[PDB]
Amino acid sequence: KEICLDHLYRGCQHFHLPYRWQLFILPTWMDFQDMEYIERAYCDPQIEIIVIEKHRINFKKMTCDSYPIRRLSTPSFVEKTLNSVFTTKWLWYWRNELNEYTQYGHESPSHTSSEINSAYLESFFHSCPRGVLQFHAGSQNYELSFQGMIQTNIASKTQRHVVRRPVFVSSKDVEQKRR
């Protein structure tokens, strides 16, 4: 398990340059060509907008043709492998019609379930916190925006609040989980 930090110190799962410029083409972070030219423009604080071949890069929004961009710093960090009980598992919920929380992938009060689950959403959120994601539940289509922490029915436009919280682990749970 090896990470680099992006331009906002975000952990991202060395390279010949001290920097690596990428854009998110769902589901993969792709290397820009002309990384040194991008960096040189970026290091001029007067520059917001540049063109790199087919691409309009916007440093103020950190987007390129509406896709998120990032700058990885090269200094790598290697995880010290510990018992998995010390790793946080994140659950994802949406506010249902009974004004309660259903976990993604579990049954709504109307006997409907998303195909996406907490593991699917945490993996996408970790990779791409400014992501928007399409998903199915029952007979309906939805967009989830990590930035707004909302899901929207693409047909009706009804929004529901999204919440992300951990699986609870007590100090007792920690002792048991040391075999």
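All residue numbers refer to positions in the sequence shown, first residue = 1.
In the deposited sequence, the stretch from residue 13 to residue 14 hides 4 to 9 residues that have no coordinates. Averaged over their C-alpha atoms, the temperature factors of 168-176 and 4-12 are higher for 168-176. When 119-127 is weighed against 24-32, 24-32 comes out higher, by mean CA B-factor as recorded in the entry. Residue-level temperature factors show residue 44 in the middle third of its chain, judged at the C-alpha atom.
Residue 112: CA B factor lies in the highest third for its chain, per the PDB record. When the modelled residues of the chain are ordered by their C-alpha B factor, residue 70 lands in the lowest third. Among the modelled residues of its chain, residue 145 has a C-alpha B-factor that falls in the middle third, as given in the PDB entry.
In this PDB entry, residue 76 carries a Cα temperature factor that places it within the highest third of its chain's modelled residues.
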